[PDB]
Structures are given as C-alpha cells and as structure tokens.
Amino acid sequence: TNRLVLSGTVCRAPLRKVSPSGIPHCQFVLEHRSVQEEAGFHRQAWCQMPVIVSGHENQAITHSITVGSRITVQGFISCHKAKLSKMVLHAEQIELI
Amino acid sequence: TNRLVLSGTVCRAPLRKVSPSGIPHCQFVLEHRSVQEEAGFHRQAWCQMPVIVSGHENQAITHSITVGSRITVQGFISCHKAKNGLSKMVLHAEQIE
Amino acid sequence: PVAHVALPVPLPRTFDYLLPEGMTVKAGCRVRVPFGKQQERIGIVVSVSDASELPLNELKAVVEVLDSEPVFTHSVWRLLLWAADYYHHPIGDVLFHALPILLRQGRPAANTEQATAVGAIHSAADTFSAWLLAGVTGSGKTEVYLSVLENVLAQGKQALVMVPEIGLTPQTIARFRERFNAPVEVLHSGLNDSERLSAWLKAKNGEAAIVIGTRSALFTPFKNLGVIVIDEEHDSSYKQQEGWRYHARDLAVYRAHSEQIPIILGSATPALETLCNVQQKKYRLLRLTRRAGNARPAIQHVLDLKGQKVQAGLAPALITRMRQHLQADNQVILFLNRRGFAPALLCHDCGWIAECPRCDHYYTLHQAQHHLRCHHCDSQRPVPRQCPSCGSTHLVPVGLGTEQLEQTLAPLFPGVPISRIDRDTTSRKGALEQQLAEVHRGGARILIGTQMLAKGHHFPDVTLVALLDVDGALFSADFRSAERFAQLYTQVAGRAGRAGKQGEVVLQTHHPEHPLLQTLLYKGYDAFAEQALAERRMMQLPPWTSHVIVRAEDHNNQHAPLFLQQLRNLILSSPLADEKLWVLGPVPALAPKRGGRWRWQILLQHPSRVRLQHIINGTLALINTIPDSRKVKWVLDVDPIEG
DNA sequence: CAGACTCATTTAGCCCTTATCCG
DNA sequence: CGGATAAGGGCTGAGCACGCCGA
DNA sequence: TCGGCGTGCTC
Ligand SMILES: [Zn+2]
Ligand SMILES: [Zn+2]
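Chains as they are written, first to last, in UniProt numbering: chain W, 2 to 84, 87 to 100; chain U, 2 to 98; chain G, 2 to 111, 200 to 732.
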C-alpha cells in the first residue's frame, strides 16, 4: 500500500524534458497550504513537494499546468537519499481543479 | 486535499517523549519496501519516511510496536523546522491498523 | 540674614529663605519651612549668607527650627557635600538619604602571618593607611578583624563593620558579642524605624562601641571613630542602582581619608580596581594564605561536553564520579545558575518560542506551579496548549533548569535524597533554615542551587562541586563578565571539601582549551587577576580610565535617541572637553527593553576623573538649553558595575 | 537535539492594604 | 473590643494651577 | 459643556 493525493499550487517554473527512452518528463515543486486535524484540534499544514511525472500518453495535461488555481496529483510516492532533494514525488495521475 | 496511505515495517524503536499539559507524542521511523510498474519500465520504492502520532486518543495503539512490525499509517504530510532548513519531513498518523 | 535651605527635590539648587529676627541656625540643621501653597515641608540648612539672587523682600520666612545642633558631624557633612558634587546628584536628595527615616519628618532628633599583619596594622596607627586582606577562602579574616578591633577599642574609640548582605549579620554579631564585652548594634533596612533611630542615637552619643550594618550604616555619625572594616568588598551589594547611585567602598575610603583613620578591606577575590590601586601603591596588601587551617586544596578537573551522551545535562564521567562520592557517604553539590524548569518553550513545527512583549525575552517555564513566568518584569502567563502561530500541539520544553534537574535526577539515584535551594523555593524565612537544617544532618544528599550557594552558608560534608552550563561568560559583550564569573567560581570552589576530606571540582564546558578557563583552573585567582589587569592596561578600561554612562529610557523609542544626540553634541561643544575625551554615540543598552520602555546609553571615557567631573558639571549647567528634557527618564551613573 | 551569552542575587524609598498582639 | 503594630504589595523615588484639545 | 493631558515653578 503506497499512494498519495495532494492539492497545491506550482512553484518556480515547470521544467519539461524528453527522456532518452522517448517518455516525456516534467519536474516541478508543489506548494501546499491547508488546515487539518491533530488530536482533535485544528492546525495548518504546509510543505513543498517536488513532483517528477514520467508519463507518456496520459500526461497531456502538463501543457497547461504552469497556471492553475488547484493542481491535484495522485499516485505512488517514494523518496531517496541525496548525499538537496530528499523527499521526491513521481506519481502519474494529474488533475486540474 | 492532503492524504497519504503507506505501509511497511519499523526501523527505530518508538519514543514516548511527553509534552507539557499532557498530549503525548510518539517518535518512530517507518521503513517501506515495494515496487512500482507502469507502461515502459518498472520503478523501485524505498526510503525511511518518519511517522508522528500525537494525542492521547491513539496512545492505546502505539504499544507492541517493538522494533519491527508490518503496520499501515494514514495521514497528511507536513514539514518541520531546524537549523538546516527543512531537515526532515514527518508523517502525521491518523488511522493505524 | 538669608539662610540657604535644601529640600528633598530633584534639583541641584539650594533655595534661599529669610530668617525672622530672634532665630539663628547653623549648617546642617533641620528647619520646618513652607514650600509653595501646599504644605510646610522640612528642609536642611546648608549655609547662611547676607545676599540672595532674588530681592530680600520677595523671600519667605521659616516657620520653626527643629534642631539647634547639626544632625551630621563635620566629617559626615563634608563627605555628603563631596559625594553630592562627585556623583552629580541634587544636594537635597543626597542630604536626606543619609538621615534616618524617623528624622526625615522632623520627629524629635532626641598564626605567624596573622600576627605579622596585626602588628603592621597596629604600627600604622593614627594615620590614613588603607589595607587590603587577600587570602584563600576559610582563612582567619575574622580573627584578624577581632584582633584589630580589640586593639582599637583598647584606646576607647568606636568601630564600624560593613557587610554586603543582611543575612551575614547574625553569624558575625554572635562572634563579636561573644568576644567583646562592649555593646554592639545593627543598622539596616530590615530593622524597624524606631530601632534604626535608636541605633543612630546610640552611635551619635558614643555609648555603642561597634556598629554592624550594610552600606546604609556608613552615614551614621560616631562620637570617636577609630577604624572602618569592610568585609567582602568585591560584592555588588555595595553599589546602589536605584535613586542615588553611589559606591559604599569608595565613600568609606573617602571617610577614612578625611578622618585619618585606618581602613581594612577583606575579600578572598579582590576586585580589579582594588588590585590596580595596590599596584599604584595607593593601598597596602597583606597575603594571609595559610591553607585555611591545614586544609588541602581541592582537585580541579575540566570535562569536555561536545560529543557526549548527556543525561539531563550531566556527562557520564560526572555521573560516575557523583555515584562514587555518594557511595562513600558524602554529600555532593551541583551548581547551575538557572531557575525554573525550562528557560524557554519551543514549538517543534515552526520554531516559535514564547516571548514577553514588554521585555523581548523568552518566558521561563515552571512545572511545579504550571505557568510561564518572565524573569525581568514578573509577568504571569499560563502554559500554552497550542502554538499561536501554526496551531500545532507539539510544544516541547527546551534548555535546562534547577527544577528540571531535581525532577530528572530522581530516577538515576535510587536512594539519594535531593535538596534544591534558590529564590523560588526560599520565599519564607523558615523555609531556608529547615532546608539548611537537612543539609547539616549529614549523610548523602545532592544539592542543586543558584549562586545562593556562595553566601555565608558553609557545608562541611560536601566533597564534589560540579558547575553546569557555565557558557555565557566566554562569549559576552561585557568586559567585566569574566571577572564576575571568576569571582563566583572561586567562591563556589572554595567551599569544596574540608580539612579532613579532599575536595574535587569538575567543570563542564564546550571550550576546554579557552585561555580563561585554563588560567582559572590550573592557576590561582591571583594569576588570572594580574593577567586581566595587564590586559586592561593594554586597552583603555575603567580599572585604568573613568567611565560615566548617561542612561535614557523612552516610552516609545523616539525621544531618547535625539535627546542623547543633543547631549553628545553639548558634550563635544564645550571648552572643557579635550581630544582625549572619548564619547560613544547613542546605542541600545545590553537590554533594549526591560519594562516596556526602550533603553539607550552614552559612554564617556577619560583618563582623568577630575576632568570628566568638570566637563559633566559644565554640561549639567548647560542642560537648560536642551529642549524636550521632560517625558524622558535619564540618570547619571559614575563607575558602573554593568555594561 | 532545540537559544546564546546570558542568568540570578542583592539592598533600600513610599503610600496603601491586610492580618495579628496587647491593654 | 479598639488601638497599636507587624507583614506584604504596586507602581514610582516631585508635584499643582493653568491652558488646550477631544468627547 | 466637561474631563484628560502637556507646561514652571516652588526661594
Ligand atoms: Zn508553531
Ligand atoms: Zn517581561
């Protein structure tokens, strides 16, 4: 069991690159600001999440993700060591509004 | 919408450092191992995302963790602060098996 | 004629009044005189003349003359005038501060080395000879005091004994009463008004032989004063910091000089200025190091703190040493100059820390009382449950305090009682005695306390002294912090061990290679004092120069900077000021906000104190041209002990 | 593991308020 | 039971008639 | 029409 759903705005600029295998790749950092529940007391939650989508055909949404009121990305998440990007996101499903 | 579903084993023994005016907290590290597959190739998922349990309502389930056990923790993703910037990314557990 | 009358008014001017025919007054006589159309206040006559600035018919009359004899003696009056001129304070306030409270309203006035030192003091008699007694803690300072006092009393004169704190008065008056058949009397703010007036009258008459008290006992007149004794001259209690800010030691030295009587200053750790005067041949030193009665010196150790598994602020080596000493049925004392449970409360999510708006200072956490208390304005606040910024409930105590130490050493030591003493737990007079009673019972006990452990209390069953969180004296902006830390460390370490048992001292720090710590640990306090005095000689510091600080407090941080800039401009634009004068610009003090009011200061430096005094007098005469002098609280502090 | 130089202790006005001893 | 006295606190260690401004 | 706040002076 490994899945994530996150809603937030984009940060910096959406980089789009083509892998040598022919699968387009888009990398961007998501800015999240929301309020959640913690021990029955409401508190705000915030984080910065780099998203590296590696879709080929279903990633057509990436052409219009630079500007968006609500950007939602869903799919697998896994982080790694960086000997400064430690927590990374490489989901596949992307939704706008 | 900020919700994360994850499963795996425990890496570090849990800590029960209490807080003033009650509201105890649990400090332990979750180890997750799985694989990801899609169109074109397959991906690997492995790192050590920490999990934080707060409040006395969930205190009765934090027991019997010991050192390694297959558990699933649900919750949102929030960051922390330190002298090295973000320095970590903890998971706020809401539902525990 | 016209009589000059001083009143308790913050103005450096003496009013002039017309004496009706048939009444005569002298210098320093209380006179009931009207002041405006409000009430007939009480004033003191400074001098009598024949001419006044105002027309003679314009002046008013004096209702009644309380005393036909001056309340102050000639020497006391001269000292009061000299101090008023030196400290740039209004004469009326200075004169009335030296009077008893009951008289202010006009109520009816109504060893081989020890023998050598005593012989030298006796030989230097009937002359102004200032002596300094320096030696290891536990020496025969009291024995030398008794010897010199009995030698003085052999001629039938009187004596004055000064102590820094009220709590030390009983422990020495008991010995004085036991040794001396002559009556003795105390005088301090602890006593009632009637008792203080009785002490004043007995001192004036001359029936009382020895007067023992704090800095307020220096102004008491004596029928025939023979010697002045100052104990623990390096203490900061001798320097007043409210109202008239004088120094007891300097005034006592001036009194000895004017009256031509011996004065003895005794302290284990002499102040830097005293040692500078000794080097300048102004004072005569006497070293009575006699091992404090064949008592072995303590063993000093330095333990590195970096990269160690500290359990509640204690290193494993320190824990093992404490356990070993407690196993041998000996008490252990730990020094931590903190109070409360945690010095600050920190949010684990966003880093928010509770801060006092009126002080810009982090709140101190108390767990027993369960509230946040400010240590600068005594504000009371409850312990927050959620962070006001992010709303998280992960507030964690951070830092170490005596309360936390007492809480956390219980699991480590199963059957070792723990005793903690500080200001918080000593709010009652009986509370102190019972806690000291428990220590005197012997056995095994752990003592946690602040600098209150360095007072007159002596524990004969403590063998290990450990200092915790000594950081702050090595990275301080103040140049006197090292001296204060060294004095405190010497006082605390001097109590380690006893004549029979060998003491051990362990110091915990993150910088064991610092020259200050090495010099203070592996060498005596005298070597560090000499090195620091030489270093200050290389620079320009108050031990070798004169510093006067003009502090200004602003309710809105607006008028103080401009007022201090105008004052600096007046200081620089004066024929009295020379190039050698060094004046720093308006900068915030060490505490930019203490009671909701911003603080700014100006530092004046000059190699000669007389020239600086003349410049300050000229500027004060020229203050009247500065606008907006109101609504700003400013004071002059001569030779500050802080900043 | 999360803050740096500090902190903390000390004596001495003044009017108003509260609680206690003595004739 | 009333008078005198000891212990504690809260802002302040100069203040009032006078004139100006906001409510 | 009346209360709160910013000035010299008091011999
Ligand atoms: Zn917070
Ligand atoms: Zn405060």
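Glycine included, C-beta positions come from ideal geometry on N, C-alpha and C.
message: Taking DSSP's pairing of strands, which residues face G/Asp726 in a bridge?
response: Residue mapping note: residue 726 of chain G aligns to position 637 of the third sequence, counting from 1. Answer is G/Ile638, bridged to G/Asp726.
DSSP beta-bridge partners of G/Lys682: Within the third sequence, the letter at position 593 stands for residue 682 of chain G. DSSP, once it has assigned bridges, lists G/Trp687 as partnering G/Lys682.
Whether G/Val66 touches G/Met24 by CB criterion (8 Å): Start at 1 with the first residue of the third sequence, and residue 66 of chain G comes out as number 65. Start at 1 with the first residue of the third sequence, and residue 24 of chain G comes out as number 23. It is a contact, given that the beta carbons lie within the stated cut-off.
query: Considering G/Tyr578, what are the terminal residues of the beta strand (DSSP E) in which it resides?
result: Within the third sequence, residue 578 of chain G is the residue found at index 489, counting from 1. Where G/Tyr578 is concerned, there is no enclosing beta strand (DSSP E), although the alpha helix (DSSP H) it sits in stretches over 570-582.
message: For U/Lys82, would you say it is in contact with chain G, using Cβ-to-Cβ distances shorter than 8 Å as the test?
response: As a working mapping, residue 82 of chain U is identified with position 81 in the second sequence. Closer than 8 Å to some Cβ of chain G, the Cβ of U/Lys82 qualifies, so yes.
field: Range of the contiguous alpha helix (DSSP H) that encloses residue 1 of chain G
entry: Absent from the structure is residue 1 of chain G, since the part of chain G shown begins at 2 and ends at 732.
- request: Could you name the residues of chain U that G/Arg427 contacts, counting a contact when the two beta carbons are closer than 9 Å?
  value: Against the third sequence, residue 427 of chain G aligns to sequence position 338. Per Cβ cutoff of 9 Å: no residues; G/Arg427 is ~17 Å from chain U at best.
task: Select from W/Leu5, W/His26, W/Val30 the residue whose C-alpha is nearest the C-alpha of W/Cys12.
output: Walking along the first sequence from the start, residue 12 of chain W turns up at place 11. W/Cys12 has its Cα closest to that of W/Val30, out of W/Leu5, W/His26, W/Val30.
message: So U/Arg4 contacts chain W; which residues on that side make the cut at Cβ distance below 7 Å?
response: Position 3 of the second sequence, counting from 1, holds the residue named residue 4 of chain U. Under the 7 Å cutoff, chain W gives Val6.
message: Which residues of the region 457-486 of chain G have a Cβ closer than 7 Å to any Cβ of chain U? Give them in chain order.
response: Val472, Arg474, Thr482, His483, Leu484, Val485, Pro486
message: According to DSSP, simplified to helix, strand and coil, what is G/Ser53?
response: Walking along the third sequence from the start, residue 53 of chain G turns up at place 52. Here G/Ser53 sits in coil by DSSP.
- request: Give, in chain order, every unbroken run of the alpha helix (DSSP H) that is at least 4 residues long and sits entirely within the region 307-361 of chain G.
  value: 337-348
message: Under 8 Å: do the region 236-251 of chain G and the region 265-279 of chain G share three or more Cβ pairs, one atom per stretch?
response: Contact between the region 236-251 of chain G and the region 265-279 of chain G is established, with three or more Cβ pairs separated by less than 8 Å.
task: Output, in sequence order along the chain, the residues in the region 57-72 of chain U whose CB is closer than 8 Å to any CB in chain W.
output: Flagged, chain order: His57, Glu58.
message: So for G/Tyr372, helix, strand or coil by DSSP?
response: For the purposes of this step, residue 372 of chain G is taken as the residue at position 283 of the third sequence. Reduced to three states, the DSSP call for G/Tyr372 is coil.
message: Residues around ligand 1, please: the condition is that the C-beta lies closer than 5 Å to some non-hydrogen atom of it.
response: G/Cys436, G/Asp438, G/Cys439, G/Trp441, G/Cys476, G/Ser478, G/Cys479, G/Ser481
field: Rounded separation between G/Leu415 and G/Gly532 - CA only
entry: Your numbering for residue 415 of chain G matches position 326 in the third sequence. Your numbering for residue 532 of chain G matches position 443 in the third sequence. Approximately 9 Å, taken between the alpha carbons.
- prompt: Which residues of chain U have a Cβ atom closer than 7 Å to the Cβ of W/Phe77, listed in chain order?
  reply: Working through the first sequence from its first residue, we reach residue 77 of chain W at position 76. The answer, in chain order, is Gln37, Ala46.
Top-ranked residue by Cα proximity to G/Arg657, from G/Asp643, G/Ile691, G/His437: Here residue 657 of chain G refers to the residue found at position 568 of the third sequence. For the options G/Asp643, G/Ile691, G/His437, the alpha carbon positioned closest to that of G/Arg657 is the one of G/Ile691.
- prompt: Looking at G/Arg686 and ligand 2, is the gap between the Cβ and the nearest heavy atom below 7 Å?
  reply: Locating residue 686 of chain G in the third sequence gives position 597, where the first residue counts as 1. When distances are taken from the beta-carbon of G/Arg686 to the heavy atoms of ligand 2, even the shortest one reaches 7 Å or more.
query: Does the beta-carbon distance from G/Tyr611 to G/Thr358 come in below 8 Å?
result: Here residue 611 of chain G corresponds to residue number 522 of the third sequence, with the count starting at 1. Here residue 358 of chain G corresponds to residue number 269 of the third sequence, with the count starting at 1. Going by C-beta atoms, G/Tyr611 is not nearer than 8 Å to G/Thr358.
Ordered list of beta strand (DSSP E) runs contained in the region 37-106 of chain G, each at least 3 residues: Listed in chain order, they are 40-50.
- prompt: By Cβ distance, which residues of its chain are closer than 6 Å to G/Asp215, with the 5 residues on each side in sequence left out?
  reply: The count along the third sequence starts at 1 and reaches residue 215 of chain G at position 126. Result list for G/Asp215: empty, nothing under 6 Å.
query: Does DSSP classify G/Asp615 as helix, strand or coil?
result: Sequence index remark: in the third sequence, residue 615 of chain G carries index 526 (1-based). G/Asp615 falls in the helix class under three-state DSSP.
Cα-Cα separation, U/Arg4 to G/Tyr451: Within the second sequence, the letter at position 3 stands for residue 4 of chain U. Within the third sequence, the letter at position 362 stands for residue 451 of chain G. Roughly 36 Å between the two C-alpha positions.
task: With a threshold of 16 other CB atoms inside 10 Å of the CB of G/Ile299, please say whether the residue is buried or exposed.
output: Here residue 299 of chain G refers to the residue found at position 210 when the third sequence is read from its first residue. Buried.
- prompt: Cα separation between U/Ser55 and W/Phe42?
  reply: As a working mapping, residue 55 of chain U is identified with position 54 in the second sequence. As a working mapping, residue 42 of chain W is identified with position 41 in the first sequence. Going by the C-alpha atoms only, they are around 11 Å apart.
query: Quick one: what's got a C-beta closer than 7 Å to G/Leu364's C-beta in the same chain, skipping five residues either side?
result: As a first step, residue 364 of chain G is located in the third sequence; it is residue number 275 there, counting from the start. Scanning its chain for C-beta atoms nearer than 7 Å, with the 5 sequence neighbours on each side dropped, one finds around G/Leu364 the residues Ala618, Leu622, in chain order.
field: Proximity of W/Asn59 and W/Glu95 at Cβ, strictly below 8 Å
entry: Walking along the first sequence from the start, residue 59 of chain W turns up at place 58. Walking along the first sequence from the start, residue 95 of chain W turns up at place 92. Yes. Within cutoff.
message: Counting beta carbon pairs with one atom in the region 9-27 of chain W and one in the region 75-82 of chain W, are three or more of them shorter than 8 Å?
response: The region 9-27 of chain W and the region 75-82 of chain W do not touch, with fewer than three beta-carbon pairs separated by less than 8 Å.
message: Can you check which of these residues, U/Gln28, U/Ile66, U/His57, U/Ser65, is closest to W/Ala40 by C-alpha distance?
response: Locating residue 40 of chain W in the first sequence gives position 39, where the first residue counts as 1. Closest by C-alpha distance to W/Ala40, out of U/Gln28, U/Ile66, U/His57, U/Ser65, is U/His57.
- prompt: For the region 19-31 of chain W, which residues have a CB atom closer than 9 Å to at least one CB atom of chain U, in sequence order?
  reply: From the region 19-31 of chain W, only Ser22, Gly23, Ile24 have a Cβ closer than 9 Å to chain U.
query: Looking at the structure shown, is G/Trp441 part of a helix, part of a strand, or coil, going by DSSP?
result: Taking the third sequence and counting its residues from 1, one reaches residue 441 of chain G at position 352. If DSSP states are grouped into helix, strand and coil, G/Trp441 belongs with coil.
task: Find the nearest neighbour of G/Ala433 within the set G/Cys439, G/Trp633, G/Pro632, G/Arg462, judged by alpha-carbon distance.
output: As a first step, residue 433 of chain G must be located in the third sequence, where it is residue number 344. Taking only the C-alpha atoms, the option nearest G/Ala433 is G/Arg462.
field: Simplified DSSP assignment, three categories, for U/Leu5
entry: In the second sequence, residue 5 of chain U corresponds to position 4, counting from 1. Of the three classes helix, strand and coil, the one that applies to U/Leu5 here is strand, per DSSP.
- prompt: Any C-beta of chain U sitting closer than 8 Å to the C-beta of G/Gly490?
  reply: Here residue 490 of chain G refers to the residue found at position 401 of the third sequence. No, G/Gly490 lies away from the interface with chain U (no Cβ there is under 8 Å from its Cβ).
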